[PDB]
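Below, chain A is the first sequence line, B the second, and so on; all start at residue 1. Computed over heavy atoms, backbone and side chain alike; hydrogens, waters and symmetry mates excluded.
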Amino acid sequence: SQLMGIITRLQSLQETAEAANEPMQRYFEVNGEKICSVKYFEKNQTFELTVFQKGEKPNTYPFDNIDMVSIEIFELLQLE
Amino acid sequence: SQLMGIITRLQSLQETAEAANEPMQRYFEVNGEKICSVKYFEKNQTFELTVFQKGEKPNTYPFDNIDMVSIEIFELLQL
């Protein structure tokens with residue numbers, strides 16, 4: 001399912017960030033368009049979600065739980 | 001599992017490719033030795049696998065499916 005796929009990607013995202021010992025990020029797009037990007041800071045075990053809006057400065061939201069950031073991303077992609 | 005790791009690396013290979021509208025590449029190894037290499041073509045939707053053979057030109061093989069190539073890579077590493 002889509003949700004399964006988002007969680008996997010976020011797990012490998014943190015996994016890759018811990019090894020590189022530096023923040024890492026990726027985008028989630030729907031139909032070729034960037035809807036949001038997530039950055040993992042191993043300065044804890046938190047995710048920072050950035051939500052794009054045309055002509056507007058993007059908004060960021062912190063999350064310390066992978067399941068909760070995944071849900072937010074999912075609902076965000078659902079509204080397309 | 002080892003296979004899952006190959007899949008997710010390729011998933012991001014493909015995805016970061018469509019983050020700047022340009023191809024992307026990656027190596028897969030066993031004990032520091034490069035076994036094969038992969039490149040993805042966004043404006044194409046294909047994965048190109050390059051397999052290495054000492055003292056010879058490498059063979060490239062196209063794939064339009066991430067699962068197909070992930071499998072091909074896994075079996076190459078298993079050897």
Side-chain angles (χ1 to χ4, degrees), chain A residues 1-42 45-54 57-60 63 66-67 69-78 80, chain B residues 1-52 61-78:
Chain A
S1 67
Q2 191 170 183
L3 208 44
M4 174 180 87
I6 295 303
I7 298 167
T8 304
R9 290 171 171 72
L10 295 183
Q11 293 175 315
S12 57
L13 193 270
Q14 43 165 44
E15 173 182 52
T16 301
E18 296 283 23
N21 257 293
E22 80 169 71
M24 220 72 106
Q25 53 172 300
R26 73 192 290 163
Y27 293 97
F28 286 82
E29 48 181 62
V30 170
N31 195 47
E33 178 188 44
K34 293 167 172 60
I35 300 299
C36 66
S37 64
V38 56
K39 190 169 185 177
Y40 180 71
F41 297 79
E42 70 222 64
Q45 314 280 286
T46 69
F47 298 76
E48 182 187 62
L49 181 77
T50 297
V51 187
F52 304 112
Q53 179 180 54
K54 290 188 177 179
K57 178 177 185 296
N59 277 30
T60 66
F63 291 84
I66 191 282
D67 286 333
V69 61
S70 292
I71 290 166
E72 184 75 34
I73 296 23
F74 178 81
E75 303 190 332
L76 221 44
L77 298 171
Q78 295 310 295
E80 303 161 307
Chain B
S1 73
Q2 211 209 315
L3 183 55
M4 192 71 254
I6 296 286
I7 294 276
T8 49
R9 277 178 280 187
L10 294 186
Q11 274 177 173
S12 75
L13 201 282
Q14 182 185 204
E15 266 130 58
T16 64
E18 175 39 290
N21 301 197
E22 50 167 50
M24 199 84 33
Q25 90 89 63
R26 191 196 192 74
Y27 289 115
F28 291 85
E29 342 175 322
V30 178
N31 295 314
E33 174 186 48
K34 301 183 172 183
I35 305 300
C36 62
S37 165
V38 186
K39 179 179 179 186
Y40 178 90
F41 294 68
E42 184 185 304
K43 192 82 166 184
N44 220 299
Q45 257 53 54
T46 45
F47 290 96
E48 269 185 45
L49 179 71
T50 295
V51 180
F52 303 123
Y61 306 97
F63 289 87
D64 55 41
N65 191 313
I66 193 166
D67 291 315
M68 300 302 273
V69 63
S70 289
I71 291 298
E72 187 50 49
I73 292 164
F74 181 83
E75 312 199 306
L76 240 30
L77 303 178
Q78 221 57 205

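One finds the CD atom of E18(B) at 11.0 Å from the CD atom of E33(A) (value rounded to the nearest 0.5 Å). To the nearest 0.5 Å, atoms CD (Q11(A)) and CE (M4(B)) are separated by 9.5 Å.
Within a 6.0 Å sphere centred on CG of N21(A), other residues, nucleotides and ligands contribute more than 12 heavy atoms. Enclosure of atom CD in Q78(B) by more than 12 non-hydrogen atoms of other residues, nucleotides or ligands within 6.0 angstrom is indicated.
For a residue to count as touching a neighbouring chain, one of its non-hydrogen atoms must lie under 4.5 Å from one of that chain's; by this rule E15(B) touches chain A with the side chain only. For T16(B), no part lies near chain A; criterion is any non-hydrogen pair under 4.5 Å.
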